[PDB]
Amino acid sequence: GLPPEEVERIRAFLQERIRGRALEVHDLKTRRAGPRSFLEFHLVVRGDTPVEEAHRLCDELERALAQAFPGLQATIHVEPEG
């Protein structure tokens, strides 16, 4: 897994980016493979969120994470509130 400090940076980065668009990030898991790294988390959204909207958010977050954390690839599991 990635260093705890990095995980905290990633959490803070996500929190800022999801304001008004998602409710919670949880079940966050990481692993390193040399020059590359992996992140997986559940992204909680309002139940009424359109699937397209959730998908677009995930795509944006993946791109943003890749830029801010070189080598990092994210997998995101969208979850409705409750």
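Residue numbers run from 1 along the displayed sequence.
**Q** Test of understanding: from the entry's C-alpha B-factors, which stretch has the higher mean, 32-40 or 53-61?
**A** Comparing 32-40 with 53-61, the higher mean C-alpha B-factor belongs to 32-40.
**Q** Which third of the chain does residue 66 land in by C-alpha B-factor: lowest, middle or highest?
**A** Middle third, going by the recorded CA B-factors of the chain.
**Q** Looking at the entry's B-factor column for C-alpha atoms only, identify whether residue 12 ranks in the lowest, middle or highest third of its chain.
**A** According to the entry, residue 12 has a C-alpha B-factor in the chain's lowest third.
**Q** Taking only the Cα B-factors deposited for this chain, tell me whether residue 4 sits in the lowest, middle or highest third.
**A** Lowest third of the chain for residue 4's C-alpha B-factor.
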